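**Q** Can you read through this structure? Questions will come right after.
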Amino acid sequence: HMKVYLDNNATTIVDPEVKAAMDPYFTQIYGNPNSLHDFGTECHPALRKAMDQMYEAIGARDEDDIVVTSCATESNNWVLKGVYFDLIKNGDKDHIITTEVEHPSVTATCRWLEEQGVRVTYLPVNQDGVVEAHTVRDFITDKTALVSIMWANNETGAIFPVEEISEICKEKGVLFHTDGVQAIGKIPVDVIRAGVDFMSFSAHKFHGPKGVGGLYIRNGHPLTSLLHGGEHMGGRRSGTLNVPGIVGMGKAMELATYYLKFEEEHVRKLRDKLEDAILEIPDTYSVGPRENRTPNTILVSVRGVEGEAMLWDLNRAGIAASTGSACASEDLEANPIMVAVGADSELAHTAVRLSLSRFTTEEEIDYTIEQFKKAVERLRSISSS
Amino acid sequence: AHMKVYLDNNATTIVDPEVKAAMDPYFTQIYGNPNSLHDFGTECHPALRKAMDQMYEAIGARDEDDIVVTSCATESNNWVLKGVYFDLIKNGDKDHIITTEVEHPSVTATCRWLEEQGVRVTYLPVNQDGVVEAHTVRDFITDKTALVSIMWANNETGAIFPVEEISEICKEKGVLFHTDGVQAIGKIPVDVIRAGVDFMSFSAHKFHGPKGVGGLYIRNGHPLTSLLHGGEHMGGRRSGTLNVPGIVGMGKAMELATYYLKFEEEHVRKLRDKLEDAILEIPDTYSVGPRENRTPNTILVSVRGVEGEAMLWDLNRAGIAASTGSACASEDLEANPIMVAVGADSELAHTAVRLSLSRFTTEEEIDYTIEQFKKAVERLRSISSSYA
Ligand SMILES: Cc1ncc(COP(=O)(O)O)c(CN[C@@H](CS)C(=O)O)c1O
């Protein structure tokens with residue numbers, strides 16, 4: 001029996017180097033950076049270094065803005081409610097396009113905007129678990145204010161064609177925001193190559209601390225503040241800076257790009273080992289194409305067994321995983337398949353989500369394979385099918 | 001910097017090593033998401049319950065009440081103001097908010113943006129004692145006032161507001177009462193049912209907690225449209241993954257603050273009074289606000305020949321960290337020159353020096369600050385061609 005964490009898409013471990021980078025900024029260095037005295041200014045070089053690491057990690061340019069928020073939920077709320085305020089309540093627009101598979105910080109915010117009279121189209125997802133750019137083009141009207149599509153999905157790990165969608169959005173002169181939380185540390189992130197106007201990210205998903213996130217804004221494009229007040233973050237987001245959070249986020253982002261550039265294949269190899277071994281069990285289906293999937297994610301549907309029961313049995317075995325909604329469909333020459341679906345859909349059964357990190361070991365994968373096969377056999381012996 | 005001395009505690013505070021130790025496991029040792037169902041996520045749950053319990057116990061909240069953990073008091077203020085605007089103004093029959101001219105910018109600028117949305121806002125000016133009295137609030141409440149937002153204690157003068165009396169008047173009028181209570185925790189007794197407030201904002205980095213975490217108290221879980229929508233965190237009132245280290249540290253820090261309250265009433269007050277009396281020994285110096293209504297850790301002193309920003313820079317060169325405060329000139333009832341608080345926007349406002357202590361201030365820090373303060377005043381008055 002060994003404890004094994006494979007829920008990294010939900011949250012990640014803080015790299016000991018990140019915690020070490022953060023440590024001084026609680027008790028040794030505690031001044032407010034907005035103070036003029038030496039106590040406040042002592043942390044300023046660390047803040048500049050952190051912001052530089054962030055800009056370098058996502059490929060933003062000097063004209064661009066990167067506002068430090070409390071979480072990606074704040075960033076998504078900010079983008080949606082601010083563009084609603086700027087272009088919809090005091091503009092000539094009334095439409096926002098998104099997908100059925102967004103994070104609740106996008107979906108519920110869009111539903112509240114719907115409650116305010118905003119027309120929103122929640123774009124359904126294709127067989128590949130993705131939304132394609134031509135459907136976006138077809139749904140853009142002359143009143144669409146913003147298109148908000150996640151960069152990569154948190155349940156399936158499917159990567160969205162963010163560059164093509166950006167090209168379509170620029171042709172129609174409409175703003176483009178992406179929830180890039182699942183992208184940082186897992187796929188190359190270049191926000192001018194992706195052409196996004198806004199990007200949300202969260203540090204505790206690439207091994208930074210919880211409680212700090214960010215919103216990237218191309219060229220400092222106007223966006224009414226969600227938090228008003230002092231002139232923090234260039235007057236775009238008030239509230240005292242989470243100095244430890246900022247330092248740790250910068251360090252974690254730098255480390256994430258470093259391990260993406262060298263250790264991409266170690267994590268990808270372990271995911272592929274786990275997925276191939278699990279698919280050796282009869283009547284198991286991995287959701288989404290791997291050649292378009294983040295290197296760390298598997299979403300498996302097991303037949304007869306229920307995803308939550310599989311999670312409970314794994315947790316009793318010391319293995320932490322999560323859920324993901326999937327639906328049943330047919331292919332074109334290998335008919336039975338499981339495809340991504342909105343959690344609200346009535347067609348949805350629950351599949352098991354296993355998400356690795358650069359800290360996963362091959363021993364964890366061997367134990368996980370063995371215990372997965374044991375749990376499948378055990379729960380199918382007790383299954384109603 | 002002959003000796004480094006921190007007297008800018010009203011701006012931010014050092015993290016108590018016990019608070020940092022309480023936080024330590026929840027970065028690398030305990031990292032699961034508390035919203036997960038597996039054991040990795042649920043491992044931190046008892047610490048979260050204990051931290052939330054410490055908060056309820058520290059401010060005297062009841063079980064029916066709600067305490068939502070935010071990212072900072074700025075988030076709490078934005079949330080309260082914009083939410084009551086959404087609830088009672090854009091989808092109600094109300095259109096008026098009453099506040100003061102001395103609020104923190106997270107309240108003032110939010111109110112200005114709401115004015116830009118058509119909300120009537122009256123920024124009540126402050127009296128000689130540096131406070132807003134309850135009868136003035138009563139005089140400005142109409143049947144259209146949606147919310148009254150008045151800070152519990154001032155961050156520049158430390159003056160304590162009569163939040164209880166204002167609450168009684170608000171209850172007579174059936175209007176909601178919010179207080180920005182950031183300056184109150186750890187400095188004065190905080191009892192949110194005795195204060196009768198409906199909302200209270202607070203920020204952990206003011207009472208030796210970490211930066212990046214705050215809270216909003218809600219008296220009966222009163223409806224308030226979420227500032228952050230999404231998952232059902234904090235009872236569905238503020239979504240976003242929990243800042244577990246921040247929450248743990250905030251609970252520990254608030255418990256420590258209530259324990260150290262008597263230390264701050266007695267010893268910290270004694271050191272503040274030493275520093276203030278020593279400074280007031282300098283000719284043509286004026287302390288803003290009456291001490292008998294002031295938090296034990298705050299001084300806002302006006303010097304006559306000297307300029308406030310130059311005085312702060314000169315103190316920092318001596319290793320002393322302080323801040324500013326806006327002040328105006330007046331006379332008392334005996335027609336004696338005194339300095340009184342004023343909104344920073346007023347053209348009658350000059351800059352005063354703000355010195356704020358903490359439970360970690362030592363008497364050596366106070367003696368060194370007295371000496372260097374007197375030296376800097378003499379130096380800056382010695383070069384003036386105008387001082388009499
Ligand atoms: C009364 C009051 N209300 C809100 C805040 C802001 O707290 P946050 O957690 O950063 O949002 C503060 C902190 N203001 C600091 C620095 S901005 C001062 O120099 O006085 C405050 O004093």
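Naming works like this for the structure tokens: A, B, ... for the chains as they're shown, residue 1 at the start of each chain, ligands 1 onward in shown order.
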Identify all chain B residues at most 7 Å from chain A by counting only C-alpha atoms; ligands do not count. Present them as a compact mmCIF listing (two decimals) with C-alpha atoms, in the first residue's frame.
**A**
# COMPACT_ATOMS: atom_id res chain seq x y z
CA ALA B 11 0.02 49.68 6.46
CA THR B 12 1.07 46.01 6.90
CA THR B 13 2.44 43.78 9.65
CA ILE B 14 5.08 41.09 10.04
CA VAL B 15 3.85 37.50 9.90
CA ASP B 16 3.97 36.02 13.39
CA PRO B 17 6.39 33.06 13.23
CA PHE B 27 2.30 24.17 0.50
CA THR B 28 4.26 20.94 -0.09
CA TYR B 31 -1.32 20.12 -1.18
CA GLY B 32 -4.57 18.42 -2.24
CA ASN B 33 -7.55 20.46 -3.35
CA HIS B 38 -9.94 11.67 -2.24
CA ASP B 39 -7.89 11.56 0.96
CA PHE B 40 -5.22 13.93 -0.42
CA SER B 71 -8.36 37.51 -1.19
CA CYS B 72 -8.11 40.86 0.60
CA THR B 74 -10.37 45.30 -1.13
CA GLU B 75 -12.21 42.29 -2.54
CA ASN B 78 -15.79 45.84 -3.86
CA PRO B 105 -9.63 53.67 -1.61
CA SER B 106 -11.18 50.20 -2.00
CA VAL B 107 -14.37 51.87 -0.71
CA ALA B 109 -13.04 54.55 -5.67
CA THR B 110 -15.73 51.85 -5.73
CA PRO B 210 -0.06 36.63 5.45
CA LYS B 211 -0.76 38.89 2.52
CA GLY B 212 -3.23 37.67 -0.06
CA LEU B 228 -16.81 35.86 -7.90
CA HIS B 229 -19.10 33.32 -9.55
CA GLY B 230 -18.29 29.72 -10.35
CA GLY B 231 -17.99 26.68 -8.11
CA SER B 239 -15.81 30.74 -5.93
CA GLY B 240 -12.15 29.91 -6.52
CA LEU B 242 -9.27 27.87 -1.33
CA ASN B 243 -6.06 29.63 -0.25
CA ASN B 316 13.86 56.43 6.60
CA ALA B 321 9.66 53.35 8.57
**Q** Write down as an MDAnalysis selection string the residues of region 56-231 of chain B whose backbone DSSP state falls under alpha helix (DSSP H).
**A** chainID B and resid 56:59 73:84 105:115 134:140 163:173
**Q** Between A:232, A:251, A:374, A:293, which has the minimum distance to ligand 1 (counting only C-alpha atoms and all ligand atoms)?
**A**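 Closest candidate: A:232.
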**Q** Counting only C-alpha atoms and all ligand atoms, figure out which residue out of B:76, B:99, B:241, B:136 gets nearest to ligand 1.
**A**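 Among the listed residues, the smallest separation from ligand 1 belongs to B:76.
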**Q** A:64, A:362, A:114, A:291: which is nearest residue 88 (chain A), counting only C-alpha atoms?
**A**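 The shortest atom-to-atom distance to residue 88 (chain A) comes from A:114.
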**Q** Kindly indicate which residue among B:313, B:387, B:79, B:263 lies nearest to ligand 1, using only C-alpha atoms and all ligand atoms for the distances.
**A**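 Residue with the minimum atom-to-atom distance to ligand 1: B:79.
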**Q** Find the residue from A:248, A:184, A:113, A:296 that sits nearest to residue 267 (chain A); use only C-alpha atoms when measuring.
**A**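 Smallest separation from residue 267 (chain A) among the options: A:296.
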**Q** I need the residue nearest residue 98 (chain A) from this list: A:254, A:179, A:42, A:197. Use only C-alpha atoms for the distance.
**A** A:179
**Q** Can you pull out every residue within 6 Å of region 285-289 of chain A, counting only C-alpha atoms, but drop anything in the same chain fewer than 4 positions away, and send it as a list in words?
**A**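 Skipping anything fewer than 4 positions along the chain leaves residues 128, 129, 299, 300, 301, 338 and 339 of chain A.
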**Q** Please, could you write that set of residues out with C-alpha atoms as a PDB file, in the first residue's frame?
**A**
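Contents of again_1.pdb, freshly written:
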ATOM      1  CA  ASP A 128     -12.298  15.007 -30.472  1.00  0.00           C
ATOM      2  CA  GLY A 129     -13.472  16.809 -27.321  1.00  0.00           C
ATOM      3  CA  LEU A 299      -9.878  10.057 -18.934  1.00  0.00           C
ATOM      4  CA  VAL A 300     -10.925   6.394 -18.937  1.00  0.00           C
ATOM      5  CA  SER A 301     -14.460   5.021 -19.114  1.00  0.00           C
ATOM      6  CA  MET A 338     -16.675   7.643 -25.315  1.00  0.00           C
ATOM      7  CA  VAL A 339     -16.594  11.368 -26.109  1.00  0.00           C
TER       8      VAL A 339
END
**Q** Quick one, how far is CA of residue 82 (chain A) from CA of residue 68 (chain B)?
**A** 23.2 Å
**Q** Grab the CA of residue 187 (chain B) to CA of residue 325 (chain B) distance for me, in Å with one decimal place.
**A**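 Those two atoms sit 18.8 Å apart.
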